[PDB]
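A.B. asks: If it helps, the file is called run.json and holds JSON, C-alpha atoms and all ligand atoms:
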[["chain", "number", "residue", "atom", "x", "y", "z"],
["A", 4, "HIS", "CA", 116.58, 134.57, 103.23],
["A", 5, "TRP", "CA", 115.94, 135.14, 99.52],
["A", 6, "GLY", "CA", 117.92, 133.31, 96.85],
["A", 7, "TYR", "CA", 117.50, 131.35, 93.65],
["A", 8, "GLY", "CA", 116.45, 127.89, 94.87],
["A", 9, "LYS", "CA", 112.96, 126.28, 94.63],
["A", 10, "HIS", "CA", 112.29, 127.34, 98.17],
["A", 11, "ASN", "CA", 113.46, 130.90, 98.18],
["A", 12, "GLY", "CA", 113.74, 131.91, 94.45],
["A", 13, "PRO", "CA", 112.07, 134.57, 92.32],
["A", 14, "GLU", "CA", 108.57, 133.18, 92.66],
["A", 15, "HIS", "CA", 108.71, 133.67, 96.40],
["A", 16, "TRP", "CA", 110.22, 137.18, 96.64],
["A", 17, "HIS", "CA", 106.85, 138.96, 96.43],
["A", 18, "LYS", "CA", 105.98, 137.86, 99.95],
["A", 19, "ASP", "CA", 108.71, 140.00, 101.51],
["A", 20, "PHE", "CA", 108.94, 142.52, 98.63],
["A", 21, "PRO", "CA", 105.43, 143.14, 97.22],
["A", 22, "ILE", "CA", 106.87, 145.48, 94.53],
["A", 23, "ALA", "CA", 107.98, 142.20, 92.88],
["A", 24, "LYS", "CA", 104.54, 142.36, 91.22],
["A", 25, "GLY", "CA", 104.82, 146.12, 90.55],
["A", 26, "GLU", "CA", 104.35, 148.25, 87.48],
["A", 27, "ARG", "CA", 107.92, 148.49, 86.23],
["A", 28, "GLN", "CA", 109.88, 145.39, 87.24],
["A", 29, "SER", "CA", 112.98, 144.06, 85.54],
["A", 30, "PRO", "CA", 114.25, 142.17, 83.70],
["A", 31, "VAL", "CA", 112.01, 142.05, 80.61],
["A", 32, "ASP", "CA", 111.99, 140.35, 77.30],
["A", 33, "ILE", "CA", 113.08, 142.74, 74.55],
["A", 34, "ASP", "CA", 110.93, 142.15, 71.47],
["A", 35, "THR", "CA", 113.24, 143.54, 68.74],
["A", 36, "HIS", "CA", 110.48, 143.94, 66.23],
["A", 37, "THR", "CA", 108.24, 146.09, 68.56],
["A", 38, "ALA", "CA", 110.99, 148.23, 70.12],
["A", 39, "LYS", "CA", 110.88, 151.64, 68.45],
["A", 40, "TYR", "CA", 113.78, 153.76, 67.30],
["A", 41, "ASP", "CA", 113.75, 157.02, 69.32],
["A", 42, "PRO", "CA", 115.29, 160.02, 67.57],
["A", 43, "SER", "CA", 114.98, 161.94, 70.95],
["A", 44, "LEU", "CA", 117.81, 159.82, 72.42],
["A", 45, "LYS", "CA", 121.09, 161.82, 72.74],
["A", 46, "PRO", "CA", 124.41, 160.15, 72.09],
["A", 47, "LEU", "CA", 125.43, 157.65, 74.92],
["A", 48, "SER", "CA", 128.66, 158.47, 76.72],
["A", 49, "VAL", "CA", 130.49, 155.78, 78.72],
["A", 50, "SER", "CA", 133.46, 157.54, 80.34],
["A", 51, "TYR", "CA", 135.47, 154.97, 82.29],
["A", 52, "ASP", "CA", 139.04, 156.27, 81.84],
["A", 53, "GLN", "CA", 139.49, 157.43, 85.40],
["A", 54, "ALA", "CA", 137.70, 154.48, 87.03],
["A", 55, "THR", "CA", 139.07, 153.43, 90.38],
["A", 56, "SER", "CA", 138.23, 149.82, 91.30],
["A", 57, "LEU", "CA", 138.76, 148.82, 94.92],
["A", 58, "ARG", "CA", 137.60, 145.29, 95.85],
["A", 59, "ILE", "CA", 135.74, 142.23, 94.72],
["A", 60, "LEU", "CA", 133.14, 140.74, 97.09],
["A", 61, "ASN", "CA", 131.12, 137.44, 97.10],
["A", 62, "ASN", "CA", 127.80, 138.60, 98.66],
["A", 63, "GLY", "CA", 126.02, 135.22, 98.52],
["A", 64, "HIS", "CA", 124.05, 136.05, 95.36],
["A", 65, "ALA", "CA", 126.75, 137.21, 92.93],
["A", 66, "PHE", "CA", 130.22, 138.79, 93.10],
["A", 67, "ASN", "CA", 130.53, 142.58, 92.95],
["A", 68, "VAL", "CA", 133.55, 144.56, 91.78],
["A", 69, "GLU", "CA", 133.24, 147.84, 93.69],
["A", 70, "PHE", "CA", 134.54, 151.27, 92.77],
["A", 71, "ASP", "CA", 135.51, 154.51, 94.56],
["A", 72, "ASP", "CA", 132.55, 156.74, 93.80],
["A", 73, "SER", "CA", 133.57, 159.63, 96.09],
["A", 74, "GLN", "CA", 134.36, 161.79, 92.97],
["A", 75, "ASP", "CA", 133.32, 161.99, 89.22],
["A", 76, "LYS", "CA", 135.69, 159.27, 87.86],
["A", 77, "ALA", "CA", 133.74, 156.64, 85.81],
["A", 78, "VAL", "CA", 130.41, 157.99, 84.58],
["A", 79, "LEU", "CA", 127.56, 157.30, 82.27],
["A", 80, "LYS", "CA", 125.66, 160.09, 80.56],
["A", 81, "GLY", "CA", 123.68, 160.86, 77.41],
["A", 82, "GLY", "CA", 121.25, 158.47, 75.74],
["A", 83, "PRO", "CA", 117.99, 158.57, 77.80],
["A", 84, "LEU", "CA", 119.75, 160.02, 80.86],
["A", 85, "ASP", "CA", 119.43, 163.51, 82.29],
["A", 86, "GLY", "CA", 122.62, 164.48, 84.08],
["A", 87, "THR", "CA", 125.51, 162.29, 85.25],
["A", 88, "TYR", "CA", 125.47, 158.81, 86.75],
["A", 89, "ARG", "CA", 128.48, 157.50, 88.66],
["A", 90, "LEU", "CA", 129.68, 153.88, 88.50],
["A", 91, "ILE", "CA", 129.61, 152.15, 91.93],
["A", 92, "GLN", "CA", 129.78, 148.39, 91.18],
["A", 93, "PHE", "CA", 129.41, 145.74, 88.55],
["A", 94, "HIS", "CA", 128.36, 142.13, 88.78],
["A", 95, "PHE", "CA", 127.06, 139.27, 86.61],
["A", 96, "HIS", "CA", 124.27, 136.77, 86.44],
["A", 97, "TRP", "CA", 124.91, 133.36, 84.84],
["A", 98, "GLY", "CA", 123.57, 129.88, 84.22],
["A", 99, "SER", "CA", 124.41, 126.30, 85.21],
["A", 100, "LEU", "CA", 124.53, 125.67, 81.41],
["A", 101, "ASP", "CA", 125.49, 127.88, 78.41],
["A", 102, "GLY", "CA", 121.86, 127.92, 77.23],
["A", 103, "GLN", "CA", 120.60, 130.13, 80.10],
["A", 104, "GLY", "CA", 121.92, 132.76, 82.49],
["A", 105, "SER", "CA", 120.87, 136.14, 81.28],
["A", 106, "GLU", "CA", 118.10, 138.14, 82.97],
["A", 107, "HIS", "CA", 116.97, 140.15, 79.92],
["A", 108, "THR", "CA", 116.13, 138.11, 76.90],
["A", 109, "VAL", "CA", 116.02, 139.14, 73.21],
["A", 110, "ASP", "CA", 113.02, 137.72, 71.36],
["A", 111, "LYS", "CA", 112.95, 135.14, 74.17],
["A", 112, "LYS", "CA", 116.60, 134.16, 73.60],
["A", 113, "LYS", "CA", 118.58, 133.61, 76.85],
["A", 114, "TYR", "CA", 122.28, 134.39, 76.77],
["A", 115, "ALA", "CA", 124.88, 132.52, 78.90],
["A", 116, "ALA", "CA", 125.30, 135.47, 81.25],
["A", 117, "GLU", "CA", 124.65, 139.21, 81.70],
["A", 118, "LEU", "CA", 126.84, 141.95, 83.11],
["A", 119, "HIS", "CA", 125.33, 144.84, 85.04],
["A", 120, "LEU", "CA", 127.30, 148.06, 85.54],
["A", 121, "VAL", "CA", 125.42, 149.97, 88.25],
["A", 122, "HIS", "CA", 125.47, 153.72, 88.42],
["A", 123, "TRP", "CA", 123.72, 156.34, 90.57],
["A", 124, "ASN", "CA", 122.39, 159.84, 89.66],
["A", 125, "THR", "CA", 124.79, 162.39, 91.14],
["A", 127, "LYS", "CA", 121.87, 164.85, 91.75],
["A", 128, "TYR", "CA", 121.05, 162.69, 94.80],
["A", 129, "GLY", "CA", 124.37, 162.80, 96.50],
["A", 130, "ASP", "CA", 125.01, 159.11, 97.13],
["A", 131, "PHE", "CA", 123.73, 155.70, 96.22],
["A", 132, "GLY", "CA", 121.53, 155.31, 99.30],
["A", 133, "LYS", "CA", 119.57, 158.50, 98.59],
["A", 134, "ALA", "CA", 119.44, 157.64, 94.85],
["A", 135, "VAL", "CA", 117.59, 154.37, 95.57],
["A", 136, "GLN", "CA", 114.78, 156.50, 97.05],
["A", 137, "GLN", "CA", 114.13, 158.09, 93.65],
["A", 138, "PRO", "CA", 112.44, 156.95, 90.49],
["A", 139, "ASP", "CA", 115.40, 158.12, 88.39],
["A", 140, "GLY", "CA", 118.05, 157.26, 90.94],
["A", 141, "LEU", "CA", 119.97, 154.58, 89.05],
["A", 142, "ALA", "CA", 121.16, 153.64, 85.57],
["A", 143, "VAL", "CA", 122.35, 150.14, 84.71],
["A", 144, "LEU", "CA", 124.36, 149.32, 81.60],
["A", 145, "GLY", "CA", 123.53, 145.72, 80.77],
["A", 146, "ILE", "CA", 125.71, 143.65, 78.52],
["A", 147, "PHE", "CA", 125.01, 140.08, 77.32],
["A", 148, "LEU", "CA", 127.66, 137.34, 77.35],
["A", 149, "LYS", "CA", 127.82, 134.50, 74.86],
["A", 150, "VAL", "CA", 130.24, 131.59, 74.96],
["A", 151, "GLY", "CA", 132.84, 131.57, 72.19],
["A", 152, "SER", "CA", 136.28, 133.35, 72.13],
["A", 153, "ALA", "CA", 137.79, 134.44, 75.53],
["A", 154, "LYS", "CA", 137.42, 138.03, 76.62],
["A", 155, "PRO", "CA", 140.80, 139.23, 77.65],
["A", 156, "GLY", "CA", 139.53, 142.05, 79.79],
["A", 157, "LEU", "CA", 137.56, 139.56, 81.88],
["A", 158, "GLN", "CA", 140.47, 137.30, 82.76],
["A", 159, "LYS", "CA", 141.70, 139.26, 85.79],
["A", 160, "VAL", "CA", 138.19, 138.86, 87.25],
["A", 161, "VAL", "CA", 138.15, 135.09, 86.57],
["A", 162, "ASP", "CA", 141.58, 134.61, 88.13],
["A", 163, "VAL", "CA", 140.66, 136.15, 91.50],
["A", 164, "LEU", "CA", 137.39, 134.14, 91.99],
["A", 165, "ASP", "CA", 139.12, 131.29, 93.79],
["A", 166, "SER", "CA", 139.99, 133.79, 96.54],
["A", 167, "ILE", "CA", 136.33, 134.73, 97.12],
["A", 168, "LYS", "CA", 134.72, 131.33, 96.81],
["A", 169, "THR", "CA", 132.18, 131.77, 99.61],
["A", 170, "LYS", "CA", 129.70, 134.33, 100.87],
["A", 171, "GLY", "CA", 131.31, 137.21, 102.83],
["A", 172, "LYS", "CA", 134.80, 136.74, 101.25],
["A", 173, "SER", "CA", 136.44, 139.81, 99.63],
["A", 174, "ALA", "CA", 139.78, 140.51, 97.94],
["A", 175, "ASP", "CA", 141.62, 143.56, 96.79],
["A", 176, "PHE", "CA", 140.82, 144.42, 93.26],
["A", 177, "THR", "CA", 142.55, 147.61, 92.40],
["A", 178, "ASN", "CA", 143.55, 148.89, 88.91],
["A", 179, "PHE", "CA", 140.88, 146.99, 87.01],
["A", 180, "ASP", "CA", 139.74, 148.73, 83.82],
["A", 181, "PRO", "CA", 136.04, 148.10, 83.10],
["A", 182, "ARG", "CA", 136.50, 149.36, 79.51],
["A", 183, "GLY", "CA", 137.77, 145.87, 78.74],
["A", 184, "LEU", "CA", 134.30, 144.43, 79.30],
["A", 185, "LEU", "CA", 132.49, 146.52, 76.63],
["A", 186, "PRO", "CA", 131.61, 145.38, 73.09],
["A", 187, "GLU", "CA", 132.51, 147.50, 70.12],
["A", 188, "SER", "CA", 129.10, 148.97, 69.47],
["A", 189, "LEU", "CA", 127.09, 151.06, 71.99],
["A", 190, "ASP", "CA", 123.72, 150.45, 70.12],
["A", 191, "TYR", "CA", 121.17, 149.77, 72.89],
["A", 192, "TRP", "CA", 117.59, 149.39, 74.04],
["A", 193, "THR", "CA", 116.32, 151.39, 76.99],
["A", 194, "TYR", "CA", 113.29, 151.28, 79.23],
["A", 195, "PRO", "CA", 112.38, 152.15, 82.89],
["A", 196, "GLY", "CA", 112.60, 149.35, 85.37],
["A", 197, "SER", "CA", 113.85, 148.04, 88.68],
["A", 198, "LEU", "CA", 116.57, 146.22, 90.59],
["A", 199, "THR", "CA", 116.44, 142.60, 89.62],
["A", 200, "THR", "CA", 117.26, 141.46, 93.20],
["A", 201, "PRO", "CA", 115.51, 142.33, 96.42],
["A", 202, "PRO", "CA", 114.53, 144.93, 97.35],
["A", 203, "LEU", "CA", 113.45, 145.20, 93.72],
["A", 204, "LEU", "CA", 113.12, 148.99, 93.85],
["A", 205, "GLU", "CA", 111.82, 150.83, 90.84],
["A", 206, "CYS", "CA", 114.67, 153.32, 90.39],
["A", 207, "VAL", "CA", 116.36, 152.20, 87.21],
["A", 208, "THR", "CA", 116.86, 153.46, 83.70],
["A", 209, "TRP", "CA", 118.03, 150.29, 81.94],
["A", 210, "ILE", "CA", 120.34, 150.58, 78.99],
["A", 211, "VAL", "CA", 120.87, 147.12, 77.43],
["A", 212, "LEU", "CA", 123.53, 146.90, 74.70],
["A", 213, "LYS", "CA", 122.57, 145.02, 71.54],
["A", 214, "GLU", "CA", 126.03, 143.54, 70.83],
["A", 215, "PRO", "CA", 127.01, 140.71, 73.24],
["A", 216, "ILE", "CA", 130.58, 140.14, 74.38],
["A", 217, "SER", "CA", 132.11, 136.72, 73.82],
["A", 218, "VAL", "CA", 133.72, 134.90, 76.79],
["A", 219, "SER", "CA", 135.21, 131.47, 76.70],
["A", 220, "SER", "CA", 133.68, 128.26, 78.10],
["A", 221, "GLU", "CA", 136.58, 128.14, 80.56],
["A", 222, "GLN", "CA", 135.90, 131.70, 81.81],
["A", 223, "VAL", "CA", 132.21, 130.98, 82.50],
["A", 224, "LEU", "CA", 133.00, 127.58, 84.08],
["A", 225, "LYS", "CA", 135.13, 129.49, 86.70],
["A", 226, "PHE", "CA", 132.06, 131.62, 87.59],
["A", 227, "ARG", "CA", 130.14, 128.35, 88.22],
["A", 228, "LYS", "CA", 132.71, 127.19, 90.84],
["A", 229, "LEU", "CA", 131.68, 129.97, 93.22],
["A", 230, "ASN", "CA", 129.40, 129.22, 96.19],
["A", 231, "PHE", "CA", 126.24, 130.80, 97.42],
["A", 232, "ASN", "CA", 126.95, 129.66, 100.97],
["A", 233, "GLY", "CA", 129.46, 130.83, 103.54],
["A", 234, "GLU", "CA", 132.64, 128.84, 104.45],
["A", 235, "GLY", "CA", 131.77, 125.97, 106.75],
["A", 236, "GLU", "CA", 128.22, 125.66, 105.52],
["A", 237, "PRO", "CA", 126.90, 123.10, 103.04],
["A", 238, "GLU", "CA", 128.19, 123.89, 99.52],
["A", 239, "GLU", "CA", 125.71, 125.13, 97.00],
["A", 240, "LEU", "CA", 127.18, 126.20, 93.66],
["A", 241, "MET", "CA", 126.49, 129.84, 92.62],
["A", 242, "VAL", "CA", 124.72, 129.08, 89.35],
["A", 243, "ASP", "CA", 121.42, 130.23, 87.86],
["A", 244, "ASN", "CA", 121.44, 133.46, 89.84],
["A", 245, "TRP", "CA", 119.10, 135.15, 87.36],
["A", 246, "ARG", "CA", 115.57, 136.48, 87.73],
["A", 247, "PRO", "CA", 113.33, 135.60, 84.71],
["A", 248, "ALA", "CA", 111.59, 138.15, 82.50],
["A", 249, "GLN", "CA", 108.79, 140.10, 84.11],
["A", 250, "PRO", "CA", 105.64, 141.52, 82.51],
["A", 251, "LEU", "CA", 106.29, 144.65, 80.42],
["A", 252, "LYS", "CA", 103.00, 146.24, 81.55],
["A", 253, "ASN", "CA", 102.63, 149.84, 80.42],
["A", 254, "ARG", "CA", 106.06, 150.30, 79.02],
["A", 255, "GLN", "CA", 107.67, 150.69, 75.60],
["A", 256, "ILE", "CA", 111.20, 149.70, 74.87],
["A", 257, "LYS", "CA", 113.09, 152.27, 72.87],
["A", 258, "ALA", "CA", 115.96, 151.60, 70.46],
["A", 259, "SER", "CA", 118.97, 153.79, 69.92],
["A", 260, "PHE", "CA", 119.49, 152.55, 66.35],
["A", 261, "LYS", "CA", 117.58, 152.55, 63.18],
["B", 1, "LIG", "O1", 105.85, 140.95, 68.41],
["B", 1, "LIG", "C1", 105.47, 139.64, 68.34],
["B", 1, "LIG", "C2", 104.23, 139.34, 67.83],
["B", 1, "LIG", "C3", 103.79, 137.99, 67.68],
["B", 1, "LIG", "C4", 104.71, 136.96, 68.02],
["B", 1, "LIG", "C5", 106.00, 137.31, 68.52],
["B", 1, "LIG", "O2", 106.92, 136.31, 68.81],
["B", 1, "LIG", "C6", 106.38, 138.64, 68.65],
["B", 2, "LIG", "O1", 128.62, 145.76, 96.63],
["B", 2, "LIG", "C1", 127.84, 146.92, 96.38],
["B", 2, "LIG", "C2", 128.47, 148.22, 96.50],
["B", 2, "LIG", "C3", 127.55, 149.21, 96.22],
["B", 2, "LIG", "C4", 126.20, 149.12, 95.92],
["B", 2, "LIG", "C5", 125.67, 147.86, 95.84],
["B", 2, "LIG", "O2", 124.39, 147.69, 95.51],
["B", 2, "LIG", "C6", 126.46, 146.75, 96.11],
["B", 3, "LIG", "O1", 132.31, 150.76, 96.12],
["B", 3, "LIG", "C1", 131.47, 151.28, 97.05],
["B", 3, "LIG", "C2", 130.83, 150.40, 97.94],
["B", 3, "LIG", "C3", 130.00, 150.93, 98.93],
["B", 3, "LIG", "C4", 129.82, 152.28, 98.96],
["B", 3, "LIG", "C5", 130.48, 153.15, 98.04],
["B", 3, "LIG", "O2", 130.28, 154.49, 98.12],
["B", 3, "LIG", "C6", 131.31, 152.64, 97.10],
["B", 4, "LIG", "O1", 122.28, 146.98, 92.59],
["B", 4, "LIG", "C1", 121.45, 147.13, 91.49],
["B", 4, "LIG", "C2", 121.03, 148.38, 91.11],
["B", 4, "LIG", "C3", 120.15, 148.64, 90.07],
["B", 4, "LIG", "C4", 119.67, 147.49, 89.34],
["B", 4, "LIG", "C5", 120.11, 146.19, 89.73],
["B", 4, "LIG", "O2", 119.61, 145.10, 89.06],
["B", 4, "LIG", "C6", 120.98, 145.99, 90.81],
["B", 5, "ZN", "ZN", 122.24, 142.40, 88.28]]
So that I can check it, write out the structure of this file as structure tokens.
Ligand SMILES: Oc1cccc(O)c1
Ligand SMILES: Oc1cccc(O)c1
Ligand SMILES: Oc1cccc(O)c1
Ligand SMILES: Oc1cccc(O)c1
Ligand SMILES: [Zn+2]
C.D. replies:
Amino acid sequence: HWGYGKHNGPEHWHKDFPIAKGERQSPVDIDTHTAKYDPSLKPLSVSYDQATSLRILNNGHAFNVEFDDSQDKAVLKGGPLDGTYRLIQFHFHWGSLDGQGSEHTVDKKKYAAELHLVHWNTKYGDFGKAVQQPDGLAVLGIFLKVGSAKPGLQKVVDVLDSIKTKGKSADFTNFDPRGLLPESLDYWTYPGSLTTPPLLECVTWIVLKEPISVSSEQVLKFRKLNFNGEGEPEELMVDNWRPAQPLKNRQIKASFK
């Protein structure tokens, strides 16, 4: 099935998912000099105080921390968004090496990893109806660089050895995603897509300018996970990032002067 290898990676996905070559695919390179400040952007609001995490899952292409989204609890609003978007899961993409791993790039610079906090537009009732809409989803993307440890990531790192292989899950209650944010909420935003199959064009992307720092040791624990299931040949879960796609007829907007 699809993956990140030579034989089933990003350059192959268009054969099962023709929208891979569509008009608003993600990720993209963010050219910081051509992005334009947009005074029409409203203040961004990340409201994660009542977030209810449930579980952490290795799905064979990343690990997802999943949330109870059956009520307004952890939401994103403001900035480019109309209405309220509810947090359902987050996950990361990372490299085999510190020099690559992110999906978005900034003036062609690749970060060591990228966090995606996925939210759906509550006008559409649930996530599955939201992914049928061009404004169904909003993803907060956050770059990771290797330097000082991020304390609010350590509870994630310490449970990874319990979900080493595809299809494994563990309880992951009482996790506070506010510990994964940087200080500043300055961001770039543009319309795009899922970066994994089915690559649907539903997404308002909001990519924070300030990266978080994680330690070498934290990111090395991500690279011990496996793409395969238990009892199949071991393939390390590394380089699970899609490269930058053509910008096409889009402009990237900046929240900051
Ligand atoms: O916006 C630009 C224009 C020319 C070279 C480049 O790296 C970026
Ligand atoms: O693990 C999950 C839970 C919810 C939505 C999704 O895309 C993945
Ligand atoms: O965390 C989740 C995962 C799947 C569906 C859902 O509504 C929430
Ligand atoms: O599950 C998702 C949802 C939206 C964008 C993305 O890259 C992944
Ligand atoms: Zn992602």
A.B. asks: Could you pull the residues within 9 Å of segment 95-107 of chain A, counting only C-alpha atoms, minus those fewer than 6 positions along the same chain, as a PyMOL selection string?
C.D. replies: chain A and resi 29-33+64-67+113-120+145+147-150+199+211+220+223-224+226-227+240-248
A.B. asks: Could you make a table, as a tab-separated table, of the residues of chain A that have an atom within 8 Å of an atom of ligand LIG 1 (chain B), each with its nearest atom pair and distance in Å to one decimal, counting all atoms listed in the file, in chain and number order?
C.D. replies:
residue	atom	partner	partner_atom	distance
A:34	CA	B:LIG1	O1	6.1
A:35	CA	B:LIG1	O1	7.8
A:36	CA	B:LIG1	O1	5.9
A:37	CA	B:LIG1	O1	5.7
A:110	CA	B:LIG1	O2	6.8
A.B. asks: Return as number ranges by chain every polymer residue, whether protein, DNA or RNA, with at least one atom no more than 10 Å from an atom of ligand LIG 2 (chain B); count only C-alpha atoms and all ligand atoms.
C.D. replies: A: 58-62, 65-72, 90-94, 121-123, 131-132, 135, 198, 200
A.B. asks: Find the residue from A:259, A:169, A:48, A:54 that sits nearest to residue 238 of chain A; use all atoms listed in the file when measuring.
C.D. replies: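 Counting all atoms listed in the file, the residue closest to residue 238 of chain A is A:169.
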A.B. asks: With 6 Å of padding per side, what axis-aligned box (centre and edge lengths, Å, one decimal) covers all the listed atoms of ligand LIG 3 (chain B)? Give it as AutoDock Vina command-line options.
C.D. replies:
--center_x 131.1 --center_y 152.4 --center_z 97.5 --size_x 14.5 --size_y 16.1 --size_z 14.8
A.B. asks: Which residues are close to residue 183 of chain A, i.e. within 10 Å by all atoms listed in the file, leaving aside same-chain residues fewer than 4 positions away? Reply as a PDB file with C-alpha atoms, in the coordinates of the input.
C.D. replies:
ATOM      1  CA  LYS A 154     137.420 138.030  76.620  1.00  0.00           C
ATOM      2  CA  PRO A 155     140.800 139.230  77.650  1.00  0.00           C
ATOM      3  CA  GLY A 156     139.530 142.050  79.790  1.00  0.00           C
ATOM      4  CA  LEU A 157     137.560 139.560  81.880  1.00  0.00           C
ATOM      5  CA  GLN A 158     140.470 137.300  82.760  1.00  0.00           C
ATOM      6  CA  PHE A 179     140.880 146.990  87.010  1.00  0.00           C
TER       7      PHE A 179
END
A.B. asks: Using all atoms listed in the file for the distances, tell me which of A:16, A:88, A:176, A:231 is nearest to residue 49 of chain A.
C.D. replies: A:88
A.B. asks: Let me make sure I understand: among A:53, A:177, A:108, A:208, which one has the smallest atom-to-atom distance to ligand LIG 4 (chain B) if we use all atoms listed in the file?
C.D. replies: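 Checking each of A:53, A:177, A:108, A:208 against ligand LIG 4 (chain B), counting all atoms listed in the file, the winner is A:208.
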A.B. asks: If I take atom CA of residue 41 of chain A and atom CA of residue 185 of chain A, how far is one from the other in Å, to one decimal?
C.D. replies: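 Atom CA of residue 185 of chain A lies 22.7 Å from atom CA of residue 41 of chain A.
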A.B. asks: Emit a file covering segment 29-50 of chain A of the preceding structure with N, CA and C atoms, as a short mmCIF file (atom, residue, chain, number, x, y, z; two decimals), in the first residue's frame.
C.D. replies:
data_model
loop_
_atom_site.label_atom_id
_atom_site.label_comp_id
_atom_site.auth_asym_id
_atom_site.auth_seq_id
_atom_site.Cartn_x
_atom_site.Cartn_y
_atom_site.Cartn_z
N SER A 29 -0.31 20.01 -0.50
CA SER A 29 0.62 20.38 0.58
C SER A 29 1.62 19.17 0.78
N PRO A 30 2.77 19.44 1.40
CA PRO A 30 3.22 20.75 1.89
C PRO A 30 3.74 21.64 0.77
N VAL A 31 4.22 22.84 1.13
CA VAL A 31 4.81 23.78 0.18
C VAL A 31 6.04 24.34 0.85
N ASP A 32 6.95 24.84 -0.01
CA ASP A 32 7.95 25.75 0.49
C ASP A 32 7.40 27.13 0.76
N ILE A 33 7.76 27.69 1.93
CA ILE A 33 7.31 29.03 2.31
C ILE A 33 8.47 29.95 2.01
N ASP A 34 8.29 30.78 0.98
CA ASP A 34 9.30 31.79 0.64
C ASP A 34 9.01 33.00 1.52
N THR A 35 9.83 33.28 2.51
CA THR A 35 9.55 34.31 3.52
C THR A 35 9.57 35.68 2.96
N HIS A 36 10.31 35.86 1.84
CA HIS A 36 10.38 37.21 1.29
C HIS A 36 9.13 37.49 0.47
N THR A 37 8.50 36.49 -0.20
CA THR A 37 7.29 36.75 -1.02
C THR A 37 5.96 36.60 -0.29
N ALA A 38 5.98 35.97 0.85
CA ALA A 38 4.73 35.91 1.69
C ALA A 38 4.38 37.36 2.03
N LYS A 39 3.10 37.66 2.01
CA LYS A 39 2.63 39.00 2.30
C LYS A 39 1.88 39.08 3.61
N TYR A 40 2.23 40.13 4.37
CA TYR A 40 1.47 40.42 5.59
C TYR A 40 0.05 40.73 5.22
N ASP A 41 -0.92 40.19 5.95
CA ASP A 41 -2.37 40.30 5.65
C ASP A 41 -3.05 40.95 6.87
N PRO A 42 -3.39 42.24 6.75
CA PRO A 42 -4.03 42.93 7.83
C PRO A 42 -5.47 42.43 8.03
N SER A 43 -6.03 41.67 7.07
CA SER A 43 -7.40 41.07 7.22
C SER A 43 -7.41 39.86 8.18
N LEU A 44 -6.24 39.32 8.49
CA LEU A 44 -6.23 38.20 9.47
C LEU A 44 -6.65 38.69 10.88
N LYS A 45 -7.58 37.94 11.51
CA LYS A 45 -8.02 38.24 12.89
C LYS A 45 -7.05 37.59 13.84
N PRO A 46 -7.05 37.99 15.11
CA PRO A 46 -6.16 37.28 16.02
C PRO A 46 -6.37 35.70 16.05
N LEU A 47 -5.29 34.96 16.09
CA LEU A 47 -5.40 33.46 16.24
C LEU A 47 -5.69 33.10 17.66
N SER A 48 -6.60 32.16 17.89
CA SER A 48 -6.92 31.67 19.21
C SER A 48 -6.75 30.17 19.28
N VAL A 49 -5.80 29.72 20.05
CA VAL A 49 -5.56 28.28 20.33
C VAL A 49 -6.08 28.01 21.68
N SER A 50 -7.21 27.36 21.88
CA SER A 50 -7.81 27.16 23.19
C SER A 50 -7.79 25.71 23.57
#
